Amino acid sequence: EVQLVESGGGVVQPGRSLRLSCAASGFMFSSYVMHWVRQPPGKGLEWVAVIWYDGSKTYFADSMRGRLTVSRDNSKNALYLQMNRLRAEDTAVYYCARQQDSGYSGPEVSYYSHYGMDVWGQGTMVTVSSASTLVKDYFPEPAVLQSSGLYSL
Amino acid sequence: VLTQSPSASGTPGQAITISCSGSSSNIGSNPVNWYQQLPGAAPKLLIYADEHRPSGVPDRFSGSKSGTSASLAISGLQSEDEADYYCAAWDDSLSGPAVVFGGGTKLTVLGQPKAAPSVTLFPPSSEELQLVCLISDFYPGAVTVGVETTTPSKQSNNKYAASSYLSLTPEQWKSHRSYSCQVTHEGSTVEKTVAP
Amino acid sequence: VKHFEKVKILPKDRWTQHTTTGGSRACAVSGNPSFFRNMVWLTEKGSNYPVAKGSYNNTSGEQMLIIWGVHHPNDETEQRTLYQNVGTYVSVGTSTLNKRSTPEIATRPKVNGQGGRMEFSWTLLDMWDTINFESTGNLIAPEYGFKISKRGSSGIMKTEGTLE
Amino acid sequence: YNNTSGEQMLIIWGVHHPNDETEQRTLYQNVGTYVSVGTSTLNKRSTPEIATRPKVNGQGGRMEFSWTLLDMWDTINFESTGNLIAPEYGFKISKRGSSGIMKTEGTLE
Ligand SMILES: *[C@@H]1O[C@H](CO)[C@@H](O[C@@H]2O[C@H](CO)[C@@H](O[C@@H]3O[C@H](CO[C@H]4O[C@H](CO)[C@@H](O)[C@H](O)[C@@H]4O)[C@@H](O)[C@H](O)[C@@H]3O)[C@H](O)[C@H]2NC(C)=O)[C@H](O)[C@H]1NC(C)=O
Ligand SMILES: *[C@@H]1O[C@H](CO)[C@@H](O[C@@H]2O[C@H](CO)[C@@H](O[C@@H]3O[C@H](CO[C@H]4O[C@H](CO)[C@@H](O)[C@H](O)[C@@H]4O)[C@@H](O)[C@H](O)[C@@H]3O)[C@H](O)[C@H]2NC(C)=O)[C@H](O)[C@H]1NC(C)=O
């Protein structure tokens, strides 16, 4: 019953911003440095950010510069992501994962670097389009979606 | 970014090996973990800090690293072992410290015969006010064909499918290089070429 | 023993070359990783773990009880991540004493979610004598020592009862 | 071993102490070996002390055995690179009670 559950996913229009949470349960949250990582839909994995157990330090992906706030409420067992100025690239499934340690917690990355990510959530899917509302260019939802923010197959 | 073999396949009882490679920055300095994602679902950590497995993980799985390269091995093979496999390592680059993921790998246990696809073309319809290459079935997946392509799909016959579409700014250049859709089974890249 | 004066002998801040701010979730204070208030858990700083040295001459005016630990990691991995170099050791000595202990490593059942262990030892440091620690890792250091203030017939009473 | 027996279990293990480095090599191959045992409460990493000793039972080597009481539901771990004498067995305590060990040269009638 150790688990993380991501929420807030949905549709978001490009140029706007997205807000996401993760709910931790069945373990001690405040002792664990936590992770944001996303998988675009059918492509591979992309690391997003990392936040320290005590919230003392954050590290962002080079992709995320200037668009990203990451925070945590330890007492609420809550992970918080807020990302600005979105685009098609940012469309993806979003994952909250827990960084594993020995018993030990400390400020240096040198400790955690040897380990990594023993538990994940089932994710929350995010789709970026300004749109809304054979078969081609249709809404809403084998299909695939083009740059027009539209679906077809 | 890190890099891995494009795809893999093997037989029940067989042992197979997948590779990961990258800069002195990441792997050269910091060690490597391996994650396994079974279809329709979410990742679970297969291996941590090179050699070491976590609890709940069968012995057949195990791995290693040397220099800037790392490797993963399955000593015996069950149907349960069909999934996508990712190497991951911390970087300690500049701009700043960061985790890094390999592109990926998909492997297939071959619970059935191999095959080769049906691919058909059907150029743009004459309705035509200002494309579709579909591979009608095949096994295993990962056929690696305004560029658009879908992700190989399961179906009744228990071989897979797919689709690819393009565009137009509606002319004719390609031709005469025309229209092709050559798709590759690792085993033949194959050509449907049609149309003006 | 009837009273203790708690002396700061080897202050946390005096190790500039190691990480003293580390803790564990077994000592966790309200969900946040912590550690023994009277001990310092040394780890690598900047990926290096230089030789750690400390000494105390006893000016307290009385005998002093001193305690130190040695960490026993669950696996060679943990050893590397924490203390860097392996083949470590911990050395304590005084007018009368000698110990160079090495960190016995074994995979053990999780206890407090912890496979590692800490073996503590103590000694009585005579007035005017001097205590020496040096270690290449796995050293849990005293930040403090207990000077004996009052002495006298006394005891330890085992009871479930409370003070009225 | 996780203890499913239903009661406490006595466990014993040895460590071999060869007569010479030769013996060490021929038997266990690699030198600089060790033997590791651990439980909820216990820790030992012992190393094989080597000394040339008088033949005893035509044997210059020795075996140092140790034991422990493994609590119900607890787990015992051995790992070694050599000189390990392993238990194939453990003794679960069945019946408990005032008893003793009597030293006598006599026999049961
Ligand atoms: C740890 O620190 C201690 C105090 O700072 C050191 O103890 C002192 O050490 C010095 C030199 O080692 C000794 O100085 C000598 O004193 C004697 C006689 O002194 C008389 O009075 C003192 C009290 O002041 C008394 O303790 C003695 O029994 C004597 O009655 C002279 O003859 C020498 O020339 C020299 O000046 C101190 O005697 C000594 N104090 C004590 C309490 O004994 C100690 O050396 C330090 N340890 C280390 C390793 O450096
Ligand atoms: C070694 O094997 C042992 C048995 O296979 C393991 O002992 C069991 O461990 C599991 C999980 O670690 C515990 O499951 C929990 O049970 C509690 C409450 O269960 C109640 O009933 C059990 C008897 O069935 C009793 O022992 C407890 O005191 C409780 O009254 C739940 O709240 C949890 O959600 C969870 O289901 C078992 O409780 C535990 N058995 C015993 C005898 O305590 C042991 O974990 C194994 N050791 C290792 C290292 O894996």
# chains A, B, ... in the order shown; residues from 1 in each chain; ligands from 1

$ residues_near_ligand --ligand "ligand 1" --cutoff "7 Å" --atoms "only C-alpha atoms and all ligand atoms" --output "PyMOL selection string"
chain C and resi 57-59+128-130

$ write_last_selection --atoms "N, CA and C atoms" --output "short mmCIF file (atom, residue, chain, number, x, y, z; two decimals), in the first residue's frame"
data_model
loop_
_atom_site.label_atom_id
_atom_site.label_comp_id
_atom_site.auth_asym_id
_atom_site.auth_seq_id
_atom_site.Cartn_x
_atom_site.Cartn_y
_atom_site.Cartn_z
N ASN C 57 41.95 17.13 25.50
CA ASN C 57 42.62 17.13 26.80
C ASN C 57 41.54 17.44 27.83
N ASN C 58 41.59 16.83 29.00
CA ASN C 58 40.47 17.00 29.91
C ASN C 58 40.78 18.07 30.94
N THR C 59 40.18 19.24 30.74
CA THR C 59 40.33 20.37 31.63
C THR C 59 39.12 20.49 32.56
N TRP C 128 42.98 15.30 33.11
CA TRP C 128 44.28 15.66 32.55
C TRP C 128 44.77 14.71 31.44
N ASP C 129 44.02 13.64 31.16
CA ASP C 129 44.37 12.77 30.04
C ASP C 129 43.75 13.25 28.71
N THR C 130 44.10 12.58 27.62
CA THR C 130 43.77 13.06 26.28
C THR C 130 43.18 11.94 25.41
#

$ residues_near_ligand --ligand "ligand 2" --cutoff "8 Å" --atoms "only C-alpha atoms and all ligand atoms" --output "list in words"
residues 109 and 110 of chain C; 2, 3, 4, 72, 73, 74 and 75 of chain D

$ write_last_selection --atoms "C-alpha atoms" --output "PDB file, in the first residue's frame"
ATOM      1  CA  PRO C 109      17.050  -7.839   8.127  1.00  0.00           C
ATOM      2  CA  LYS C 110      15.493  -4.380   8.015  1.00  0.00           C
TER       3      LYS C 110
ATOM      4  CA  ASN D   2      12.957 -16.460   7.598  1.00  0.00           C
ATOM      5  CA  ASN D   3      11.675 -18.337  10.624  1.00  0.00           C
ATOM      6  CA  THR D   4       8.293 -19.911   9.947  1.00  0.00           C
ATOM      7  CA  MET D  72      10.330 -16.179  15.556  1.00  0.00           C
ATOM      8  CA  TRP D  73       9.621 -14.311  12.310  1.00  0.00           C
ATOM      9  CA  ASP D  74      13.207 -12.998  12.122  1.00  0.00           C
ATOM     10  CA  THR D  75      15.693 -13.677   9.303  1.00  0.00           C
TER      11      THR D  75
END

$ interface_residues --of "chain A" --to "chain C" --cutoff "7 Å" --atoms "only C-alpha atoms" --output "PyMOL selection string"
chain A and resi 28+30-31+102-106+110-111+114

$ write_last_selection --atoms "N, CA and C atoms" --output "compact mmCIF listing (two decimals), in the first residue's frame"
# COMPACT_ATOMS: atom_id res chain seq x y z
N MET A 28 6.80 7.19 4.70
CA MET A 28 7.13 8.51 5.27
C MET A 28 7.63 9.46 4.18
N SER A 30 8.32 12.92 4.00
CA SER A 30 9.32 13.96 4.29
C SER A 30 10.78 13.49 4.35
N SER A 31 11.00 12.18 4.34
CA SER A 31 12.35 11.63 4.34
C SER A 31 12.81 11.27 2.95
N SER A 102 19.53 4.82 1.16
CA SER A 102 19.97 3.65 1.91
C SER A 102 19.14 3.52 3.19
N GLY A 103 19.55 4.19 4.26
CA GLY A 103 18.63 4.65 5.28
C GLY A 103 18.69 6.16 5.30
N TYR A 104 19.68 6.65 4.57
CA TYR A 104 20.34 7.91 4.88
C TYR A 104 19.84 9.05 4.04
N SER A 105 19.71 10.20 4.69
CA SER A 105 19.26 11.43 4.05
C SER A 105 20.30 12.51 4.28
N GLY A 106 20.68 13.23 3.22
CA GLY A 106 21.59 14.36 3.33
C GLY A 106 21.54 15.28 2.12
N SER A 110 25.52 13.24 -4.20
CA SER A 110 26.43 12.09 -4.22
C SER A 110 25.84 10.84 -3.57
N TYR A 111 24.92 11.05 -2.62
CA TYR A 111 24.30 9.95 -1.89
C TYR A 111 23.26 9.26 -2.77
N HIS A 114 23.61 7.12 -6.51
CA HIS A 114 23.83 5.68 -6.62
C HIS A 114 22.54 4.87 -6.75

$ interface_residues --of "chain B" --to "chain C" --cutoff "12 Å" --atoms "only C-alpha atoms" --output "number ranges by chain"
B: 29-31, 48-52

$ select_by_dssp --residues "chain B" --states "helix (DSSP H, G or I)" --output "ChimeraX atom specification"
/B:24-29,79-81

$ write_last_selection --atoms "N, CA, C and O atoms" --output "JSON list (two decimals), in the first residue's frame"
[["chain", "number", "residue", "atom", "x", "y", "z"],
["B", 24, "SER", "N", 31.05, 10.26, -20.61],
["B", 24, "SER", "CA", 31.82, 10.23, -19.37],
["B", 24, "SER", "C", 31.12, 11.02, -18.26],
["B", 24, "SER", "O", 31.21, 10.69, -17.07],
["B", 25, "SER", "N", 30.43, 12.08, -18.67],
["B", 25, "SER", "CA", 29.63, 12.90, -17.76],
["B", 25, "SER", "C", 28.73, 12.03, -16.88],
["B", 25, "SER", "O", 28.91, 11.97, -15.66],
["B", 26, "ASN", "N", 27.75, 11.39, -17.50],
["B", 26, "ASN", "CA", 26.81, 10.55, -16.77],
["B", 26, "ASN", "C", 27.44, 9.23, -16.32],
["B", 26, "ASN", "O", 28.10, 9.17, -15.28],
["B", 27, "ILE", "N", 27.25, 8.18, -17.12],
["B", 27, "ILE", "CA", 27.75, 6.84, -16.80],
["B", 27, "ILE", "C", 29.23, 6.74, -16.38],
["B", 27, "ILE", "O", 29.57, 6.03, -15.43],
["B", 28, "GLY", "N", 30.12, 7.44, -17.08],
["B", 28, "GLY", "CA", 31.53, 7.43, -16.73],
["B", 28, "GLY", "C", 31.77, 7.76, -15.26],
["B", 28, "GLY", "O", 32.63, 7.16, -14.62],
["B", 29, "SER", "N", 31.00, 8.72, -14.74],
["B", 29, "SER", "CA", 31.12, 9.15, -13.35],
["B", 29, "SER", "C", 30.10, 8.45, -12.46],
["B", 29, "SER", "O", 30.46, 7.67, -11.57],
["B", 79, "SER", "N", 7.00, -15.47, -20.70],
["B", 79, "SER", "CA", 6.11, -14.53, -21.38],
["B", 79, "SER", "C", 5.96, -13.22, -20.60],
["B", 79, "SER", "O", 5.71, -12.17, -21.18],
["B", 80, "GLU", "N", 6.11, -13.31, -19.28],
["B", 80, "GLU", "CA", 5.98, -12.16, -18.40],
["B", 80, "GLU", "C", 7.06, -11.10, -18.67],
["B", 80, "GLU", "O", 6.93, -9.94, -18.27],
["B", 81, "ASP", "N", 8.11, -11.49, -19.39],
["B", 81, "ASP", "CA", 9.28, -10.63, -19.60],
["B", 81, "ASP", "C", 9.15, -9.70, -20.80],
["B", 81, "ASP", "O", 10.12, -9.02, -21.16]]

$ residues_around --residues "segment 125-127 of chain C" --least-positions-apart "5" --cutoff "7 Å" --atoms "only C-alpha atoms" --output "PyMOL selection string"
chain C and resi 58+61-65

$ write_last_selection --atoms "N, CA, C and O atoms" --output "PDB file, in the first residue's frame"
ATOM      1  N   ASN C  58      41.595  16.829  29.004  1.00  0.00           N
ATOM      2  CA  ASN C  58      40.471  16.999  29.911  1.00  0.00           C
ATOM      3  C   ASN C  58      40.779  18.071  30.943  1.00  0.00           C
ATOM      4  O   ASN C  58      41.520  17.847  31.901  1.00  0.00           O
ATOM      5  N   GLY C  61      38.064  19.109  35.151  1.00  0.00           N
ATOM      6  CA  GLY C  61      38.275  19.079  36.586  1.00  0.00           C
ATOM      7  C   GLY C  61      37.843  17.767  37.214  1.00  0.00           C
ATOM      8  O   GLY C  61      38.086  17.529  38.397  1.00  0.00           O
ATOM      9  N   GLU C  62      37.188  16.921  36.426  1.00  0.00           N
ATOM     10  CA  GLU C  62      36.786  15.599  36.890  1.00  0.00           C
ATOM     11  C   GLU C  62      36.859  14.591  35.748  1.00  0.00           C
ATOM     12  O   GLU C  62      37.172  14.959  34.615  1.00  0.00           O
ATOM     13  N   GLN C  63      36.571  13.324  36.041  1.00  0.00           N
ATOM     14  CA  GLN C  63      36.545  12.302  34.996  1.00  0.00           C
ATOM     15  C   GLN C  63      35.391  12.539  34.029  1.00  0.00           C
ATOM     16  O   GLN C  63      34.359  13.121  34.395  1.00  0.00           O
ATOM     17  N   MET C  64      35.561  12.071  32.796  1.00  0.00           N
ATOM     18  CA  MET C  64      34.561  12.296  31.760  1.00  0.00           C
ATOM     19  C   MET C  64      34.224  11.011  31.019  1.00  0.00           C
ATOM     20  O   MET C  64      35.118  10.281  30.578  1.00  0.00           O
ATOM     21  N   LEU C  65      32.931  10.735  30.889  1.00  0.00           N
ATOM     22  CA  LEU C  65      32.464   9.601  30.104  1.00  0.00           C
ATOM     23  C   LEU C  65      32.385  10.021  28.640  1.00  0.00           C
ATOM     24  O   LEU C  65      31.820  11.070  28.327  1.00  0.00           O
TER      25      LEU C  65
END

$ atom_distance --atom1 "atom CA of residue 115 of chain A" --atom2 "atom CA of residue 3 of chain B"
20.0 Å

$ select_by_dssp --residues "segment 17-129 of chain B" --states "strand (DSSP E or B)" --output "short mmCIF file (atom, residue, chain, number, x, y, z; two decimals) with C-alpha atoms, in the first residue's frame"
data_model
loop_
_atom_site.label_atom_id
_atom_site.label_comp_id
_atom_site.auth_asym_id
_atom_site.auth_seq_id
_atom_site.Cartn_x
_atom_site.Cartn_y
_atom_site.Cartn_z
CA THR B 17 21.17 -8.97 -23.62
CA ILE B 18 20.35 -5.26 -24.11
CA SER B 19 22.90 -2.38 -24.07
CA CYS B 20 23.14 1.26 -22.99
CA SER B 21 25.85 3.82 -23.86
CA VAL B 32 23.17 3.22 -13.77
CA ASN B 33 19.66 1.94 -12.99
CA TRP B 34 17.30 -0.11 -15.17
CA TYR B 35 13.52 0.27 -15.39
CA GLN B 36 10.93 -2.06 -16.94
CA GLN B 37 7.59 -0.94 -18.38
CA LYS B 44 8.93 -0.37 -12.11
CA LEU B 45 12.62 -0.43 -11.19
CA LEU B 46 14.39 -3.58 -12.42
CA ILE B 47 17.96 -2.88 -11.28
CA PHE B 61 17.53 -10.52 -14.49
CA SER B 62 20.92 -8.99 -13.74
CA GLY B 63 23.31 -6.46 -15.22
CA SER B 64 26.59 -4.57 -15.15
CA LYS B 65 28.63 -1.60 -16.41
CA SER B 66 32.17 -0.88 -17.62
CA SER B 69 28.75 1.59 -21.32
CA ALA B 70 26.31 -0.56 -19.36
CA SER B 71 24.49 -3.82 -20.10
CA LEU B 72 21.43 -5.81 -18.98
CA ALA B 73 20.77 -9.57 -19.17
CA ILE B 74 17.87 -12.01 -18.84
CA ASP B 84 10.09 -1.79 -22.73
CA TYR B 85 13.50 -1.48 -20.99
CA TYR B 86 15.23 1.78 -19.97
CA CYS B 87 18.72 2.53 -18.73
CA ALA B 88 18.97 5.70 -16.66
CA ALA B 89 21.89 7.50 -15.06
CA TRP B 90 22.59 10.73 -13.20
CA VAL B 99 18.89 12.55 -14.38
CA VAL B 100 19.13 11.17 -17.93
CA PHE B 101 17.16 8.41 -19.69
CA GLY B 102 18.05 6.11 -22.57
CA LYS B 106 11.27 -3.06 -26.73
CA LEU B 107 11.73 -6.81 -26.66
CA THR B 108 9.50 -9.67 -27.78
CA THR B 120 -0.75 -0.61 -48.55
#

$ closest_residue --among "C:71, C:3, C:18, C:53" --to "chain D" --atoms "only C-alpha atoms"
C:71

$ residues_around --residues "residue 77 of chain B" --least-positions-apart "4" --cutoff "9 Å" --atoms "only C-alpha atoms" --output "ChimeraX atom specification"
/B:10-16,60,81,109

$ interface_residues --of "chain A" --to "chain B" --cutoff "9 Å" --atoms "only C-alpha atoms" --output "MDAnalysis selection string"
chainID A and resid 42:50 59:62 95 109:110 113:123 142:147 153

$ atom_distance --atom1 "atom CA of residue 148 of chain A" --atom2 "atom CA of residue 135 of chain B"
24.4 Å

$ residues_around --residues "residue 56 of chain D" --least-positions-apart "6" --cutoff "12 Å" --atoms "only C-alpha atoms" --output "list in words"
residues 19, 62 and 63 of chain D

$ atom_distance --atom1 "atom CA of residue 123 of chain C" --atom2 "atom CA of residue 154 of chain C"
20.6 Å

$ interface_residues --of "chain C" --to "chain D" --cutoff "6 Å" --atoms "only C-alpha atoms" --output "PyMOL selection string"
chain C and resi 104+106+108-109

$ write_last_selection --atoms "N, CA and C atoms" --output "PDB file, in the first residue's frame"
ATOM      1  N   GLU C 104      32.655  -4.077   9.965  1.00  0.00           N
ATOM      2  CA  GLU C 104      32.054  -5.338   9.543  1.00  0.00           C
ATOM      3  C   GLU C 104      30.777  -5.104   8.730  1.00  0.00           C
ATOM      4  N   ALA C 106      27.525  -6.694   6.650  1.00  0.00           N
ATOM      5  CA  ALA C 106      26.661  -7.848   6.444  1.00  0.00           C
ATOM      6  C   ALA C 106      25.270  -7.397   6.027  1.00  0.00           C
ATOM      7  N   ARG C 108      21.656  -7.510   6.599  1.00  0.00           N
ATOM      8  CA  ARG C 108      20.854  -7.849   7.764  1.00  0.00           C
ATOM      9  C   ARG C 108      19.401  -7.527   7.468  1.00  0.00           C
ATOM     10  N   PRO C 109      18.482  -8.137   8.231  1.00  0.00           N
ATOM     11  CA  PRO C 109      17.050  -7.839   8.127  1.00  0.00           C
ATOM     12  C   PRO C 109      16.796  -6.364   8.416  1.00  0.00           C
TER      13      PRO C 109
END

$ residues_around --residues "residue 37 of chain C" --least-positions-apart "2" --cutoff "10 Å" --atoms "only C-alpha atoms" --output "short mmCIF file (atom, residue, chain, number, x, y, z; two decimals) with C-alpha atoms, in the first residue's frame"
data_model
loop_
_atom_site.label_atom_id
_atom_site.label_comp_id
_atom_site.auth_asym_id
_atom_site.auth_seq_id
_atom_site.Cartn_x
_atom_site.Cartn_y
_atom_site.Cartn_z
CA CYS C 27 15.77 8.93 14.28
CA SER C 34 17.32 13.32 12.29
CA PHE C 35 20.07 11.77 14.41
CA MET C 39 26.54 12.38 18.04
CA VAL C 40 27.89 13.49 14.63
CA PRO C 142 30.84 12.50 20.14
CA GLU C 143 30.06 16.22 20.02
CA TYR C 144 29.96 15.92 23.79
#

$ residues_around --residues "residue 145 of chain C" --least-positions-apart "3" --cutoff "10 Å" --atoms "only C-alpha atoms" --output "PDB file with N, CA, C and O atoms, in the first residue's frame"
ATOM      1  N   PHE C   4      25.751  14.988  36.172  1.00  0.00           N
ATOM      2  CA  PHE C   4      26.616  15.136  35.002  1.00  0.00           C
ATOM      3  C   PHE C   4      26.653  16.596  34.584  1.00  0.00           C
ATOM      4  O   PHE C   4      25.629  17.282  34.643  1.00  0.00           O
ATOM      5  N   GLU C   5      27.824  17.075  34.165  1.00  0.00           N
ATOM      6  CA  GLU C   5      27.916  18.349  33.453  1.00  0.00           C
ATOM      7  C   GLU C   5      28.229  17.985  32.009  1.00  0.00           C
ATOM      8  O   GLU C   5      29.233  17.322  31.749  1.00  0.00           O
ATOM      9  N   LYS C   6      27.381  18.391  31.064  1.00  0.00           N
ATOM     10  CA  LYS C   6      27.621  18.008  29.671  1.00  0.00           C
ATOM     11  C   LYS C   6      28.518  19.027  28.968  1.00  0.00           C
ATOM     12  O   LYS C   6      28.145  20.184  28.774  1.00  0.00           O
ATOM     13  N   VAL C   7      29.710  18.578  28.596  1.00  0.00           N
ATOM     14  CA  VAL C   7      30.716  19.439  27.980  1.00  0.00           C
ATOM     15  C   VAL C   7      30.728  19.295  26.463  1.00  0.00           C
ATOM     16  O   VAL C   7      30.577  18.186  25.935  1.00  0.00           O
ATOM     17  N   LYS C   8      30.924  20.409  25.762  1.00  0.00           N
ATOM     18  CA  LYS C   8      31.101  20.346  24.320  1.00  0.00           C
ATOM     19  C   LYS C   8      32.607  20.257  24.070  1.00  0.00           C
ATOM     20  O   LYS C   8      33.351  21.225  24.256  1.00  0.00           O
ATOM     21  N   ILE C   9      33.034  19.082  23.625  1.00  0.00           N
ATOM     22  CA  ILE C   9      34.441  18.767  23.415  1.00  0.00           C
ATOM     23  C   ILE C   9      34.786  18.938  21.947  1.00  0.00           C
ATOM     24  O   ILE C   9      35.686  19.703  21.591  1.00  0.00           O
ATOM     25  N   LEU C  10      34.084  18.195  21.100  1.00  0.00           N
ATOM     26  CA  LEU C  10      34.309  18.244  19.664  1.00  0.00           C
ATOM     27  C   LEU C  10      33.065  18.772  18.953  1.00  0.00           C
ATOM     28  O   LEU C  10      32.224  17.993  18.495  1.00  0.00           O
ATOM     29  N   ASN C  38      23.626  13.948  20.586  1.00  0.00           N
ATOM     30  CA  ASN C  38      24.973  13.970  21.137  1.00  0.00           C
ATOM     31  C   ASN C  38      26.030  13.396  20.190  1.00  0.00           C
ATOM     32  O   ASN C  38      27.211  13.328  20.537  1.00  0.00           O
ATOM     33  N   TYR C  56      40.835  15.452  22.683  1.00  0.00           N
ATOM     34  CA  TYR C  56      40.432  16.275  23.815  1.00  0.00           C
ATOM     35  C   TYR C  56      41.309  16.060  25.049  1.00  0.00           C
ATOM     36  O   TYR C  56      41.426  14.939  25.557  1.00  0.00           O
ATOM     37  N   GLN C  63      36.571  13.324  36.041  1.00  0.00           N
ATOM     38  CA  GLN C  63      36.545  12.302  34.996  1.00  0.00           C
ATOM     39  C   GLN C  63      35.391  12.539  34.029  1.00  0.00           C
ATOM     40  O   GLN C  63      34.359  13.121  34.395  1.00  0.00           O
ATOM     41  N   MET C  64      35.561  12.071  32.796  1.00  0.00           N
ATOM     42  CA  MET C  64      34.561  12.296  31.760  1.00  0.00           C
ATOM     43  C   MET C  64      34.224  11.011  31.019  1.00  0.00           C
ATOM     44  O   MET C  64      35.118  10.281  30.578  1.00  0.00           O
ATOM     45  N   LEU C  65      32.931  10.735  30.889  1.00  0.00           N
ATOM     46  CA  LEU C  65      32.464   9.601  30.104  1.00  0.00           C
ATOM     47  C   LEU C  65      32.385  10.021  28.640  1.00  0.00           C
ATOM     48  O   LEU C  65      31.820  11.070  28.327  1.00  0.00           O
ATOM     49  N   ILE C  66      32.958   9.222  27.743  1.00  0.00           N
ATOM     50  CA  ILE C  66      32.874   9.527  26.317  1.00  0.00           C
ATOM     51  C   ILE C  66      32.374   8.330  25.531  1.00  0.00           C
ATOM     52  O   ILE C  66      32.726   7.187  25.835  1.00  0.00           O
ATOM     53  N   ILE C  67      31.570   8.598  24.507  1.00  0.00           N
ATOM     54  CA  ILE C  67      31.012   7.540  23.675  1.00  0.00           C
ATOM     55  C   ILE C  67      31.279   7.810  22.201  1.00  0.00           C
ATOM     56  O   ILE C  67      31.280   8.962  21.760  1.00  0.00           O
ATOM     57  N   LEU C 124      36.000   5.888  30.177  1.00  0.00           N
ATOM     58  CA  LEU C 124      36.167   6.931  31.181  1.00  0.00           C
ATOM     59  C   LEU C 124      37.505   7.633  30.971  1.00  0.00           C
ATOM     60  O   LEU C 124      38.564   7.029  31.162  1.00  0.00           O
ATOM     61  N   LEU C 125      37.461   8.907  30.583  1.00  0.00           N
ATOM     62  CA  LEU C 125      38.683   9.663  30.313  1.00  0.00           C
ATOM     63  C   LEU C 125      39.170  10.374  31.571  1.00  0.00           C
ATOM     64  O   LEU C 125      38.514  11.302  32.063  1.00  0.00           O
ATOM     65  N   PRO C 142      31.455  11.727  19.051  1.00  0.00           N
ATOM     66  CA  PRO C 142      30.841  12.501  20.138  1.00  0.00           C
ATOM     67  C   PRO C 142      30.952  13.994  19.842  1.00  0.00           C
ATOM     68  O   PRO C 142      32.025  14.417  19.400  1.00  0.00           O
ATOM     69  N   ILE C 148      31.714  14.048  35.330  1.00  0.00           N
ATOM     70  CA  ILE C 148      31.045  13.601  36.540  1.00  0.00           C
ATOM     71  C   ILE C 148      31.108  14.713  37.582  1.00  0.00           C
ATOM     72  O   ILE C 148      32.190  15.106  38.021  1.00  0.00           O
TER      73      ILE C 148
END

$ decode --residues "segment 72-101 of chain D" --atoms "C-alpha atoms" --output "short mmCIF file (atom, residue, chain, number, x, y, z; two decimals), in the first residue's frame"
data_model
loop_
_atom_site.label_atom_id
_atom_site.label_comp_id
_atom_site.auth_asym_id
_atom_site.auth_seq_id
_atom_site.Cartn_x
_atom_site.Cartn_y
_atom_site.Cartn_z
CA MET D 72 10.33 -16.18 15.56
CA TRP D 73 9.62 -14.31 12.31
CA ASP D 74 13.21 -13.00 12.12
CA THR D 75 15.69 -13.68 9.30
CA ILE D 76 19.27 -15.02 9.21
CA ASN D 77 21.78 -14.01 6.50
CA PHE D 78 25.04 -15.70 5.53
CA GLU D 79 27.33 -14.55 2.78
CA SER D 80 30.98 -15.54 2.44
CA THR D 81 33.85 -15.66 -0.07
CA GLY D 82 35.30 -18.74 1.68
CA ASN D 83 36.07 -20.73 4.84
CA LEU D 84 32.37 -20.93 5.64
CA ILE D 85 31.00 -24.03 7.32
CA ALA D 86 27.25 -23.75 6.79
CA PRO D 87 24.27 -25.13 8.73
CA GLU D 88 22.08 -27.44 6.65
CA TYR D 89 19.82 -27.38 9.69
CA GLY D 90 18.55 -25.47 12.67
CA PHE D 91 16.90 -26.57 15.88
CA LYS D 92 13.42 -25.32 16.63
CA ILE D 93 12.62 -25.37 20.32
CA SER D 94 9.59 -27.61 20.81
CA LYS D 95 9.13 -28.14 24.55
CA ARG D 96 10.40 -25.75 27.29
CA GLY D 97 10.82 -26.35 31.02
CA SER D 98 12.86 -26.78 34.18
CA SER D 99 15.42 -29.41 33.25
CA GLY D 100 19.19 -29.79 33.34
CA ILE D 101 22.36 -31.48 32.15
#
